Novice: 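Following this message is one structure expressed as structure tokens.
If you read the sequence from its start, that first residue is 1, and numbering goes on from there. Side chains included, hydrogens not; waters and symmetry mates left out as well; all remaining heavy atoms used.
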Amino acid sequence: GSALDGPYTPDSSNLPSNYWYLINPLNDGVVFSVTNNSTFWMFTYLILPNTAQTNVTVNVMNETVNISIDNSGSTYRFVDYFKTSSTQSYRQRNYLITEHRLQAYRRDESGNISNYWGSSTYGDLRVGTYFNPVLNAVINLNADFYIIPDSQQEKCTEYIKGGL
Ligand SMILES: CC(=O)N[C@H]1[C@H](O[C@H]2[C@@H](O)[C@@H](CO)O[C@@H](O[C@H]3[C@H](O)[C@@H](O)[C@H](O)O[C@@H]3CO)[C@@H]2O)O[C@H](CO)[C@@H](O[C@@H]2O[C@H](CO)[C@H](O)[C@H](O)[C@H]2O)[C@@H]1O
């Protein structure tokens with residue numbers, strides 16, 4: 001299991017815990033989403049370089065929502081949004097600034113989503129966790145992806161930093 005396991009085609013399912021799902025989206029827009037329809041709704045929006053700030057109305061888990069996006073740099077920005085009730089609107093949360101079309105997600109046994117936040121450029125690239133349990137919720141990976149055991153996290157980080 002030294003070889004990078006994948007790629008697998010886009011899919012929605014109750015993904016197993018303790019794996020990093022390393023997505024490699026070719027386009028932009030909504031690349032990841034999950035909800036338990038009760039306490040957590042989350043998605044990630046991929047924004048291309050040189051994107052003037054604007055509002056877009058997009059499909060998130062078959063609901064249309066209006067969000068502000070921007071990318072004033074020359075690299076990719078993966079931006080997370082979440083909310084914790086059906087009546088709330090989404091809030092922009094963490095983001096990954098990266099020269100690679102790569103982000104990764106892990107759901108731990110407590111049901112929490114982790115992914116990569118910050119950037120190599122600013123020296124704060126880190127695994128962050130949303131302490132918002134959603135065990136057994138359907139995860140949408142809207143991208144080709146690879147599967148890395150989370151005992152091999154440093155290998156995932158190396159891909160996030162340097163590409164495939
Ligand atoms: C865990 C996490 O998401 N950390 C983020 C940090 O999140 C904080 C932010 O969402 C604020 C918004 O008000 O809420 C914080 O939680 C508070 C609860 O909402 C509140 O009810 C409770 O009483 O107190 C909690 C603690 O204050 C939440 O933790 O937000 C910062 C700023 O955006 C993030 O850091 C930024 O991360 C990006 C990459 O994603 C870059 O690295 C930026 O340089 C960095 O500032 C932090 O990761």
Side-chain angles (χ1 to χ4, degrees), residues 1-25 29-47 58-63 65 67 69 76-98 100-120 122-164:
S2 64
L4 188 54
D5 182 13
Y8 299 104
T9 51
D11 199 52
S12 297
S13 74
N14 181 12
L15 288 170
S17 304
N18 306 325
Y19 290 93
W20 287 101
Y21 301 100
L22 175 72
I23 59 161
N24 185 31
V30 180
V31 293
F32 167 94
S33 64
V34 62
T35 184
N36 69 353
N37 195 36
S38 183
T39 58
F40 197 56
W41 289 250
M42 172 181 171
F43 69 97
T44 303
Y45 199 96
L46 173 59
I47 312 169
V58 298
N59 176 2
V60 177
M61 297 181 279
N62 295 333
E63 172 188 354
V65 291
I67 55 172
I69 58 166
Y76 303 103
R77 194 179 183 90
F78 288 86
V79 183
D80 300 337
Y81 298 75
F82 80 68
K83 62 179 187 167
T84 56
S85 89
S86 182
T87 56
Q88 283 168 20
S89 52
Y90 282 99
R91 290 288 185 279
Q92 187 181 300
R93 295 296 183 214
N94 294 106
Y95 51 85
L96 173 65
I97 304 173
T98 175
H100 310 291
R101 290 163 161 282
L102 295 171
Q103 171 60 291
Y105 301 86
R106 177 200 52 202
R107 182 161 55 191
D108 58 40
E109 293 183 358
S110 292
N112 297 314
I113 304 300
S114 298
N115 59 315
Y116 285 74
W117 307 345
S119 69
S120 298
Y122 289 89
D124 65 354
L125 184 65
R126 61 197 182 275
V127 167
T129 299
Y130 293 103
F131 291 103
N132 304 87
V134 286
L135 198 71
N136 294 310
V138 173
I139 292 173
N140 310 290
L141 303 179
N142 305 327
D144 300 315
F145 66 95
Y146 302 82
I147 305 176
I148 302 168
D150 78 345
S151 61
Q152 290 276 359
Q153 179 181 307
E154 284 304 312
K155 171 193 111 165
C156 189
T157 300
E158 176 50 38
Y159 291 124
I160 294 290
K161 288 180 186 178
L164 298 174

Novice: Answer whether the closest heavy-atom distance between the side chains of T9 and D11 falls below 4.5 Å.
Specialist: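 They are not in side-chain contact.
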
Novice: Just how far is it from atom CG of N94 to atom CG of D80, taken to the nearest 0.5 Å?
Specialist: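 Those atoms lie 6.0 Å apart.
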
Novice: For atom OH of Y19, decide whether the heavy atoms of other residues, nucleotides or ligands shown that lie under 6.0 angstrom number more than 12.
Specialist: no

Novice: Grab the two heavy atoms, one from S114 and one from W20, that are nearest each other, plus how far apart they are.
Specialist: O-CZ3, 3.6 Å

Novice: Can you name the one residue among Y45, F131, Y90, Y130 that meets ring pair (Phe, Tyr, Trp, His ring centres under 6.0 Å) with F82?
Specialist: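 Single ring pair (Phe, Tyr, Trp, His ring centres under 6.0 Å) partner of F82 among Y45, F131, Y90, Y130: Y130.
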
Novice: Do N132 and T84 touch side chain to side chain, with heavy atoms closer than 4.5 Å?
Specialist: yes

Novice: Taking all atoms of both residues into account, what is the closest heavy-atom pair of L102 and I160, and its distance?
Specialist: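 Looking at all heavy atoms of both residues, the shortest contact is O-CD1, 3.7 Å.
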
Novice: Would you say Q88 has more than 12 foreign heavy atoms packed within less than 6.0 Å of its CD?
Specialist: yes

Novice: For the side chain of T35 and the backbone of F40, is there at least one donor-acceptor N/O pair under 3.5 Å apart?
Specialist: yes

Novice: Hey, could you give me the OG/CG distance between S13 and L141, rounded to the nearest 0.5 Å?
Specialist: 7.5 Å

Novice: Do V30 and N59 have side-chain heavy atoms sitting under 4.5 Å apart?
Specialist: no

Novice: Looking only at atom types and distance, does a side-chain atom of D124 sit under 3.5 Å from a main-chain N or O of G118, one as donor and one as acceptor?
Specialist: no

Novice: Could you tell me if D144 and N24 have a donor-acceptor pair between their side chains, going purely by distance under 3.5 Å?
Specialist: no

Novice: Verify, without hydrogens or angle tests, whether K83 (side chain) and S86 (backbone) share a donor-acceptor contact under 3.5 angstrom.
Specialist: yes

Novice: Run the side chain to side chain donor-acceptor pair (under 3.5 Å) test on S119 and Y95 for me, step by step, so that the C-alpha distance in whole Å, both residues' side-chain angles and the decisive distance to 0.1 Å come before the verdict.
Specialist: CA-CA 9 Å; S119 69; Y95 51 85; over 6 Å; no

Novice: With rounding to the nearest 0.5 Å, note down the distance linking CD1 in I97 to CG in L125.
Specialist: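 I97 CD1 to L125 CG: 10.5 Å, rounded to 0.5 Å.
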
Novice: Under 4.5 Å between any side-chain heavy atoms of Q153 and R106, yes or no?
Specialist: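 A side-chain contact exists here, since the closest heavy-atom pair is under 4.5 Å.
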
Novice: Could you check, using the six-membered ring where one of them is a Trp, whether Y105 and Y21 have ring centers closer than 6.0 angstrom?
Specialist: no

Novice: How long is the span from the OH atom in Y81 to the CD1 atom in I67, to the nearest 0.5 Å?
Specialist: 4.0 Å

Novice: Kindly indicate whether the side chain of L22, heavy atoms from C-beta on, has any atom under 4.5 Å from the side chain of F145.
Specialist: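 Of all side-chain heavy-atom pairs linking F145 with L22, none is under 4.5 Å.
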
Novice: Looking at CD1 of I148 and CG of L4, how far apart are the two atoms once the value is rounded to the nearest 0.5 Å?
Specialist: 5.0 Å

Novice: Can you find a pair of side-chain heavy atoms, one from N115 and one from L96, that are under 4.5 Å apart?
Specialist: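 No; the side chains remain at least 4.5 Å from each other.
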
Novice: I'd like to check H100 versus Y76 (side-chain heavy atoms, cut-off strictly below 4.5 Å). Are they in contact?
Specialist: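 No; the side chains remain at least 4.5 Å from each other.
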
Novice: What are the two closest non-hydrogen atoms of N112 and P133, and how far apart are they?
Specialist: OD1-N, 3.1 Å

Novice: Does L46 offer a backbone N or O that forms a donor-acceptor pair with the side chain of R101 under 3.5 Å?
Specialist: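 Not a single qualifying donor-acceptor pair exists.
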
Novice: Within the side chain of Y116, is there an N or O that forms a donor-acceptor pair under 3.5 Å with the backbone of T157?
Specialist: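 Yes; at least one donor-acceptor contact below 3.5 Å.
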
Novice: Please say whether more than 12 non-hydrogen atoms of neighbouring residues, nucleotides or ligands are located less than 6.0 Å from NZ in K155.
Specialist: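 Yes, because the 6.0 Å sphere around NZ of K155 holds more than 12 heavy atoms from other groups.
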
Novice: So do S89 and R91 actually touch side chain to side chain, heavy atoms under 4.5 Å?
Specialist: yes

Novice: Does the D108 side chain pair with the main chain of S110, one donor and one acceptor, at a distance under 3.5 Å?
Specialist: yes

Novice: If you round to the nearest 0.5 Å, how far is CD of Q103 from CD1 of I23?
Specialist: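 Between atom CD1 of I23 and atom CD of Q103 there are 6.5 Å.
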
Novice: How close do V134 and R107 get, heavy atom to heavy atom, and via which atoms?
Specialist: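 Looks like O-NH1, 2.9 Å.
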
